[PDB]
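Line by line, the protein sequences give chains B and C. Read left to right, the first sequence gives residues 1 to 132 (the deposited numbering). Read left to right, the second sequence gives residues 10 to 164 (the deposited numbering). Ideal Cβ positions, reconstructed from N, Cα and C, are used throughout, including at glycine. Here the structure is laid out as structure tokens; the discussion comes afterwards.
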Amino acid sequence: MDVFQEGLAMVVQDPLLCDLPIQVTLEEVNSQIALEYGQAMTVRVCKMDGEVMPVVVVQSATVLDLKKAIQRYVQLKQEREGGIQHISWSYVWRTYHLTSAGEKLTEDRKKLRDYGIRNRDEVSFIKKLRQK
Amino acid sequence: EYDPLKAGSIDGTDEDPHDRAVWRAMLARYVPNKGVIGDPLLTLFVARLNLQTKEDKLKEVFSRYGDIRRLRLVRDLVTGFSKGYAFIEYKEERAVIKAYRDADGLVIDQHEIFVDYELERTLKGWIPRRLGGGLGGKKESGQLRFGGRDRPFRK
RNA sequence: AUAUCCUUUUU
RNA sequence: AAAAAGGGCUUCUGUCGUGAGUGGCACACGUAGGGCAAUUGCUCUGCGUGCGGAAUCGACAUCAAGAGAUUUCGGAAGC
Numbered sequence: 001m002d003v004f005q006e007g008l009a010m011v012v013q014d015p016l017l018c019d020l021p022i023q024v025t026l027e028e029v030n031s032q033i034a035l036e037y038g039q040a041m042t043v044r045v046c047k048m049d050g051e052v053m054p055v056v057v058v059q060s061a062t063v064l065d066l067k068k069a070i071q072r073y074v075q076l077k078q079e080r081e082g083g084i085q086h087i088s089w090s091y092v093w094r095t096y097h098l099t100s101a102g103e104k105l106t107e108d109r110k111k112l113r114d115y116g117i118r119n120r121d122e123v124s125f126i127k128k129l130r131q132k
Numbered sequence: 010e011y012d013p014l015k016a017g018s019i020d021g022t023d024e025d026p027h028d029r030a031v032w033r034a035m036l037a038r039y040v041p042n043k044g045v046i047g048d049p050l051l052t053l054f055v056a057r058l059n060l061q062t063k064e065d066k067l068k069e070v071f072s073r074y075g076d077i078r079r080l081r082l083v084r085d086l087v088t089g090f091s092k093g094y095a096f097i098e099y100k101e102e103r104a105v106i107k108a109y110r111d112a113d114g115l116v117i118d119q120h121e122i123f124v125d126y127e128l129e130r131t132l133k134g135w136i137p138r139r140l141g142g143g144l145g146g147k148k149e150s151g152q153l154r155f156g157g158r159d160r161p162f163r164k
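Here is the structure:
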């Protein structure tokens, strides 16, 4: 059954909802409703060279939710442009960390507000090392 | 003629793997990736480049040697980090051959580069060092592979 | 070929 | 710090996949949080590893993305 997709496609034509790329999913539309209500904010994870893609999380989000926000974004962007789908992040997070402006994000279960990230802010990656 | 068993051998006389990374090397099978596009005989594999040199810096330096058709600087696809090697293609045999002899020792940044042809589709049995094996290596971690250009076989 | 072998007892 | 006695052998999930030894799913183990019962036990969800530790050397290594290796011995199964 796929009766929900017709109603979805009819809804995306609403000018207040034309921002979303058709395939919305309830979580992303909930994020947009929250940023309308003010408890959601976007954040930019910046590739050191090339481009900078932004992701959106809730105001109560911990590093876990930013982790799954990166999980969601680039995976879609792959076949949005036609890239590589089967991407193994048992590597990526085993080797590369997340870096605030200054500090690096280490405690995975701590909210982004404690580490100081806020709306429109940017984060980056270090290869970790620095012991083991 | 690549063979991961003798990669750890001082002169190709070893019969037992030097380490587990050779077991991993020969057990695993490799097929060239999707990004491998172009002629292999005219592709130059340049490595040891600084992580902060961009595509134009390589472009001018290796177009000094002839005509380029495509230059790719392999980055980490998720984080942007340059993987410190780049494949450069050359129209006509002239350029690649010249930039094989007068190519090692043309330091580009505060890092000295290494130059070789791309083997992948021309060297039978080539297993890149990510899936164990490979070539070269610093003889300090514990895993090196002789038989190449940086460290040839000590007879 | 660069670096570390492990257990028990006495002192 | 030094002396003596010494230190058996093998293996460590399946499934479909090839830009994917690194994915998806399932399973096993560990962890964190919630609920339930008699100081402890039972159940649910996320994450980590594919048997698990210690020491050492790197992680600024040659193939379109993939950092591990040597020595050592604990667990289970079979010799």
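What does residue i pair with, by DSSP beta-bridge criteria?
i           : result
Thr42/B     : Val56/B
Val55/C     : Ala95/C, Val124/C
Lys111/B    : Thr62/B
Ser124/B    : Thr99/B
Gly114/C    : Its beta-bridge partners do not exist; DSSP assigns none.
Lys104/B    : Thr99/B
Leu82/C     : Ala95/C
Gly145/C    : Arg154/C
residue 1/C : Chain C is shown from 10 up to 164; residue 1/C falls before or after that span and cannot be answered.
Straight-line CA distance for residue i to residue j?
i             : j        : result
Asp108/B      : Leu64/B  : 6 Å
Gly142/C      : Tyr94/C  : 18 Å
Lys77/B       : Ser18/C  : 45 Å
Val45/C       : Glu121/C : 25 Å
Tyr37/B       : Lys110/B : 23 Å
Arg103/C      : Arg84/C  : 28 Å
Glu129/C      : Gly145/C : 15 Å
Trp135/C      : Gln119/C : 30 Å
residue 165/C : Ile117/C : Outside the shown range of chain C (10 to 164) lies residue 165/C, about which nothing can therefore be said.
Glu127/C      : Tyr74/C  : 17 Å
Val55/C       : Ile97/C  : 8 Å
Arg138/C      : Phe125/B : 24 Å
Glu51/B       : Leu86/C  : 11 Å
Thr99/B       : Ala34/C  : 34 Å
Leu129/B      : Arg57/C  : 19 Å
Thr95/B       : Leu35/B  : 32 Å
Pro161/C      : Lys15/C  : 12 Å
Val123/B      : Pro54/B  : 10 Å
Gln61/C       : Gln23/B  : 37 Å
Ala108/C      : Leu140/C : 28 Å
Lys164/C      : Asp20/C  : 5 Å
residue 133/B : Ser88/B  : Missing from the structure shown is residue 133/B; chain B here goes from 1 to 132 and no further.
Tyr11/C       : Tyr91/B  : 28 Å
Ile84/B       : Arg72/B  : 14 Å
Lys100/C      : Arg38/C  : 31 Å
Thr106/B      : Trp93/B  : 11 Å
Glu149/C      : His97/B  : 26 Å
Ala30/C       : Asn119/B : 45 Å
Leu82/C       : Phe71/C  : 13 Å
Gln5/B        : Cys18/B  : 16 Å
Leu50/C       : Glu81/B  : 30 Å
Mark residue i as exposed unless 16 or more other C-beta atoms lie within 10 angstroms of its C-beta, in which case mark it buried.
i        : result
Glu64/C  : exposed
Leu16/B  : exposed
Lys47/B  : buried
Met10/B  : exposed
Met41/B  : buried
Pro26/C  : buried
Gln152/C : buried
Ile117/B : buried
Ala61/B  : buried
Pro13/C  : buried
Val3/B   : exposed
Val105/C : buried
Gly102/B : exposed
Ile70/B  : buried
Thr131/C : exposed
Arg110/C : exposed
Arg154/C : buried
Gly114/C : exposed
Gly7/B   : exposed
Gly156/C : buried
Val124/C : buried
Note down, in chain order, all residues in the region 21–52 of chain B with a beta-carbon under 7 Å from any beta-carbon belonging to chain C. Listed by position, the residues of the region 21–52 of chain B near chain C (Cβ gap below 7 Å) are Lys47, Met48, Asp49, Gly50.
Using Cβ-Cβ distances below 9 Å, what residues of the region 111–132 of chain B are close to chain C? Answer in chain order: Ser124, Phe125, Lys127.
Residues in the region 94–108 of chain B with C-beta within 7 Å of chain C's C-beta atoms, listed in sequence order? Within the region 94–108 of chain B, the residues whose Cβ lies closer than 7 Å to some Cβ of chain C are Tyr96, listed in chain order.
So if I threshold CB-CB distances at 9 Å, which residues from the region 63–80 of chain B count as touching chain C? Along the region 63–80 of chain B, the positions whose C-beta sits under 9 Å from a C-beta of chain C are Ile70, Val74, read in chain order.
Any residues in the region 136–163 of chain C with a beta carbon nearer than 8 Å to a beta carbon of chain B? Which ones, in chain order? Listed by position, the residues of the region 136–163 of chain C near chain B (Cβ gap below 8 Å) amount to none.
Name the residues in the region 88–109 of chain C whose C-beta lies less than 9 Å from a C-beta of chain B; which are they? For the region 88–109 of chain C, which is checked against every Cβ of chain B, the residues closer than 9 Å are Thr88, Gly89, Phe90, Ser91.
Quick one: which residues of the region 58–72 of chain C get their C-beta closer than 8 Å to a C-beta of chain B? List them in chain order. The region 58–72 of chain C vs chain B, Cβ under 8 Å: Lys63.
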